[PDB]
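Asker: need a 3D model of the following:
(chains A and B, ligands or ions: 2)
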Amino acid sequence: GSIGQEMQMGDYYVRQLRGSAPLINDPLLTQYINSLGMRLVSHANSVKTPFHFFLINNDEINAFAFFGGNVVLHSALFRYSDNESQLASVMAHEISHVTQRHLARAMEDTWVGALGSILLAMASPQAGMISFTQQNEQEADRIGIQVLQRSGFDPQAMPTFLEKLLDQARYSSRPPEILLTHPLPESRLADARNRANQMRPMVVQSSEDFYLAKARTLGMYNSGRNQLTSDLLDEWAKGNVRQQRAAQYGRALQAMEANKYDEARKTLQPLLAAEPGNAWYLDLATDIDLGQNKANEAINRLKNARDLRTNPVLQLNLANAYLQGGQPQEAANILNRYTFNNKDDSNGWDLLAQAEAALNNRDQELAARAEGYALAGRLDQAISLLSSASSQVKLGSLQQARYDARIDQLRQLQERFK
Amino acid sequence: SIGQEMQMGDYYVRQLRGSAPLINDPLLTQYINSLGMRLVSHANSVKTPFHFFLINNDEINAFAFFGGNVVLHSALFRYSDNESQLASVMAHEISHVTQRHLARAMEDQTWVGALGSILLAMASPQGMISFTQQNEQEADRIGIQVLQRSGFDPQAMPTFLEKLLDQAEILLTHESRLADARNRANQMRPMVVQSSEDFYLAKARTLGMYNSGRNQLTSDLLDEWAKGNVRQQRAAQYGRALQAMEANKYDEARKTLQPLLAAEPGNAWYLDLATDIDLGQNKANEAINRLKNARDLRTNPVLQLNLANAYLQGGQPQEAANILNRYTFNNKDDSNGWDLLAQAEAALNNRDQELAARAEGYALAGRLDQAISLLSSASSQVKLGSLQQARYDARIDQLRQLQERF
Ligand SMILES: [Zn+2]
Ligand SMILES: [Zn+2]
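Answerer: Residues are numbered from 1 along each chain as shown, chains lettered A, B, ... in the order given. Ligands and ions are numbered 1, 2, ... in the order given. Take a look:
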């Protein structure tokens, strides 16, 4: 089965990505990027596979995708994206590469590892490299702009973003890495500007989650050219009030990053007072609270949250608060259900490992950190942890049957690829 | 002619008084028109007298019509950071009238009432008019000079328009035109800018006393004003005393105003609030004596209404009438004087005089038939052939002519 092979070929590369590339595993940022991405996929034609959207800590702008609906976005995209529709146009562009099976159809002409080595070199700040035909790039722009429009974004954002890539391709000695995987001749641009001119004029406003995502990405995961500049923060202090709340949020982050917690708490207060129930400031409200060993206050606030049952960001934030507060069992009650509902989330497993370690449930601790190692492609290491777990439980027990069964599953993943 | 339009203007004004939420505050209306008036005298193409009205509406809007009657929404004060920005709106709106743009627009094509219903809908918080790109490209650039000869900031207009863009109401009735506002302001001159003492207190009383929705006098602004020039610090103290009186914190209100009144005992704003605090504590005698020693007592309309009201609460309706009888003949269109005069004549048991004063209130609010009814009642209580009967019946005649025009 091609779709079956593609989905597990994708899982193999995604596991290699987690284990060696610097992915941003932050709950707020990953939930936003996937919520935005899924909103595009839900308006794409002939989607035959699930989709996941990954974020790299890389200041070089690039974007690419491979089998299984897995698209990779560098954090530099938030530095170049002035509006949400520009970032959406890049994801729409990459989503269309997958639906058209461009990378899959290009490979029909040691080889599984040859492609995986290319994928991580493009994602790592340590950079072979894949390239699409300019015909392929035209289909991705043609199909991407229509997904862009049906999703309620500005179609003129795609040519506007392409032109900003061209103005740095000659006003700078460095060709941005995105232009080498996705080449941009003026024909590509003039074709894009023409299509946008022929759709409906639409002025769209970037969501409030976009500016907060842009602030957290550049502020909290700053790296190289990926900074949250004071020039941009002061510029956001003059724009629409969404950018001002985002600008306030960004300085609260940097005040927390520099351990000026009371300075950060007092900056964050007015935004939390206006929106007491949104996850973005709730997330940092606990972060500053635990920075001062006020874990009870973080717990009380999160138990009063409306959407604690539905929002994973809230669920992890409270589990972490229970851990720092000295109640690991309450953290485990949340995380046992959390890890079962999000088996691919390594944040959940790592926190469960912490909770089970604090409870001195060593077999369950080893099994929890085994899942972290399995998600990172460290299957030999995951098997070692579950072997140790299975050696601490009586034979014939279900814990032994379950630990040994999980080892069996990881061995099958292992033999499918060399 | 100007005659029909001035009379059409009076008809639309009467309709506004009856249905739109006008701010009839003496201090605020005296300031709104005093600033308009010397701003008016710096344009020369004016055919008509000018009156400026303030509407309690938290949605920002401004418009004008026949007879030099301009309408300003109270939301204008929270958008106006300085006196020139506030006059920038008025200079733009008076320039519409002097050049006769709205009259020009309706000469192209039941109509007079349809426009009045629209004028209320814009004014009332609970269909609109819209101007072409030239029309206000006229008004703004014709209005920036009218603002400069009056000694205010020419750059005050542009900073106001940009503060409108990033929030996308005034914008339905009013980048190309905006780029021209910054285009045209930079060329003329840069100007020293200093708001009047009255602008800061007027903004304090509008946002503090007539707070409604987005029209609040926030704890962020008056903390800021306490750090400004000495005019803004006195205004910040005035606003805090005003809000304490609004919250019926009477003792705190007296002690907050005490240093301002001690420094400026003849200031009309503080003298006014000192009466409200005195009457609020049933101390009418103290409020009366303070107002009799005010320097501008028989020249300033705000002080006269304040003392007239204090005489009523103090149990001296005759002395109140002696003031108000003269006030209503000097300020015929002031409904406050007519209402206070009706209260005094009711307390003196001069019934036909009370009905006559009440009638003027209803005539100003556009209910001419009711005013005719009350005067008819007054004329029936007075002897046929008396001078009173001749006046009452003459005023009925004047009101009937008004309603026969429309
Ligand atoms: Zn491409
Ligand atoms: Zn206008």
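
Asker: contacting residues for the residue in the stretch 101-250 of chain A positioned nearest to ligand 1?
Answerer: Closest residue of the stretch 101-250 of chain A to ligand 1, CB to the ion: residue A:182 (3.5 Å). The way it works is simple: take the backbone N, C-alpha and C, and place the C-beta from them, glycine included. Taking CB atoms under 8 Å, 6 or more residues apart in numbering or on different chains as the criterion, residue A:182 is in contact with A:63, A:93, A:132, A:137, A:140.

Asker: okay, and the fourth one sits in which element?
Answerer: It refers to residue A:137. helix A:134-150 (DSSP states H and E).

Asker: chain center to that helix: distance?
Answerer: Put simply, helix A:134-150 sits 23 Å off its chain's centre (CA atoms, centre = their mean, to the nearest Å).

Asker: buried ones in the next helix or strand after that helix, by neighbour count?
Answerer: Sequence-wise, the next helix or strand downstream of helix A:134-150 (DSSP H and E) is helix A:157-166. When neighbours are counted by 16 or more other CB atoms under 10 Å in any protein chain shown, the buried residues of helix A:157-166 are found to be A:157-162, A:165.

Asker: repeat that for stretch A:384-392.
Answerer: Buried residues in stretch A:384-392, counting neighbours by 16+ other CB under 10 Å, are found at A:385-386, A:389-390.

Asker: now, which of those residues sits nearest ligand 2?
Answerer: Nearest to ligand 2 among these, with distances taken as CB to the ion, is residue A:385, at 73.6 Å.

Asker: run through the neighbouring helices and strands of the helix or strand harbouring that closest one.
Answerer: Element membership for residue A:385, per DSSP H and E: helix A:379-390. Packing partners of helix A:379-390 (3 or more CB pairs under 8 Å, 6 or more residues apart in numbering or on different chains; DSSP states H and E): helix A:362-375, helix A:398-416.

Asker: for the stretch 51-200 of chain A, what spans make up the helices?
Answerer: Along the stretch 51-200 of chain A, the segments classed as helices by DSSP state H, counting those that start in this stretch run A:77-80, A:84-99, A:102-107, A:111-123, A:134-150, A:157-166, A:178-181, A:186-198.

Asker: format those as CSV; extra columns: distance to ligand 2.
Answerer: Formatted as CSV, these follow (distance: least, CB to the ion, whole Å):
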stretch, distance to ligand 2
helix A:77-80, 39
helix A:84-99, 32
helix A:102-107, 54
helix A:111-123, 55
helix A:134-150, 35
helix A:157-166, 32
helix A:178-181, 47
helix A:186-198, 32
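
Asker: could you dump these to JSON lines with distance to residue A:414?
Answerer: Output for those, formatted as JSON lines (distance: least, CB to CB, whole Å):
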{"stretch": "helix A:77-80", "distance to residue A:414": "34"}
{"stretch": "helix A:84-99", "distance to residue A:414": "26"}
{"stretch": "helix A:102-107", "distance to residue A:414": "23"}
{"stretch": "helix A:111-123", "distance to residue A:414": "14"}
{"stretch": "helix A:134-150", "distance to residue A:414": "34"}
{"stretch": "helix A:157-166", "distance to residue A:414": "41"}
{"stretch": "helix A:178-181", "distance to residue A:414": "30"}
{"stretch": "helix A:186-198", "distance to residue A:414": "42"}
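
Asker: deepest of these, which one?
Answerer: helix A:84-99 (a mean of 26; mean count of other CB atoms under 10 Å in any protein chain shown).

Asker: that one: how far from the chain's middle?
Answerer: 15 Å.

Asker: how about that helix, does it get close to ligand 1?
Answerer: No: contact of helix A:84-99 with ligand 1 (CB under 5 Å from the ion) is absent, the minimum separation being 5.5 Å.

Asker: report all helices and strands that that helix contacts.
Answerer: Judged by 3+ CB pairs under 8 Å, 6+ apart, helix A:84-99 is in contact with helix A:27-41, strand A:63-66, strand A:70-74, helix A:77-80, helix A:134-150, helix A:157-166.

Asker: distance of the residue positioned nearest the centre of chain A relative to ligand 2?
Answerer: In chain A, the residue lying closest to the centroid (CA atoms, centre = their mean) is residue A:30, at 3.5 Å. Using CB to the ion, to the nearest Å, residue A:30 is found at 49 Å from ligand 2.

Asker: and the residue lying closest to that residue once chain neighbours are set aside, what does it touch?
Answerer: Closest residue to residue A:30 apart from its sequence neighbours, by CB to CB, 6 or more residues apart in numbering or on different chains: residue A:55 at 6.6 Å. Going by CB under 8 Å, 6+ apart, residue A:55 touches A:23-24, A:29-30, A:33, A:73-75, A:217.

Asker: list the contacts for residue A:47?
Answerer: If you count contacts by CB under 8 Å, 6+ apart, residue A:47 has them with A:41, A:69, A:99.

Asker: export those to a markdown table and append columns for distance to residue A:249.
Answerer: Output for the contacts of residue A:47, formatted as a markdown table (distance: CB to CB, whole Å):
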| residue | distance to residue A:249 |
| --- | --- |
| A:41 | 28 |
| A:69 | 31 |
| A:99 | 35 |
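
Asker: before we move on, back to that, the helix holding residue A:385 vs helix A:398-416, what angle?
Answerer: Per axes from the mean of the first three to the mean of the last three CA atoms, to 10 degrees, the angle that helix A:379-390 makes with helix A:398-416 is 170 degrees.

Asker: identify the residues contacting helix A:379-390?
Answerer: A:362-364, A:366-367, A:369-371, A:373-374, A:399-400, A:403-404, A:406-407, A:410-411, A:413-414.

Asker: same thing but at 10 Å, please
Answerer: For helix A:379-390, contacts defined as CB atoms under 10 Å, 6 or more residues apart in numbering or on different chains pick out A:15, A:19, A:353, A:362-376, A:378, A:397, A:399-411, A:413-414, A:417.

Asker: list buried residues within the residues you listed.
Answerer: A:15, A:19, A:353, A:363-376, A:378, A:399-400, A:403, A:406-407, A:410, A:413, A:417.

Asker: what about the helices in the stretch 201-350 of chain A?
Answerer: Counting by DSSP H, counting those that start in this stretch, one finds helices in the stretch 201-350 of chain A at the ranges A:208-220, A:230-236, A:241-257, A:261-274, A:279-291, A:295-303, A:312-325, A:328-341, A:346-358.

Asker: residue numbers of the stretch 151-300 of chain A in contact with ligand 1?
Answerer: residue A:182.

Asker: try it again with 8 Å
Answerer: A:181-182 (CB under 8 Å from the ion).

Asker: closest residue of the stretch 151-300 of chain A to ligand 2?
Answerer: Taking CB to the ion, the stretch 151-300 of chain A has residue A:203 as its residue nearest ligand 2, at 23.0 Å.

Asker: now that residue: closest residue in space that isn't a chain neighbour?
Answerer: In this structure, residue A:203 finds its nearest non-sequential neighbour in residue A:154, 6.9 Å apart by CB to CB, 6+ apart.

Asker: picking that back up, how about the contacts of residue A:55, which pair is most distant?
Answerer: Farthest pair in these (CB to CB) is A:30 and A:74. Separation: 14.4 Å.

Asker: having no further points to raise, I will conclude here.
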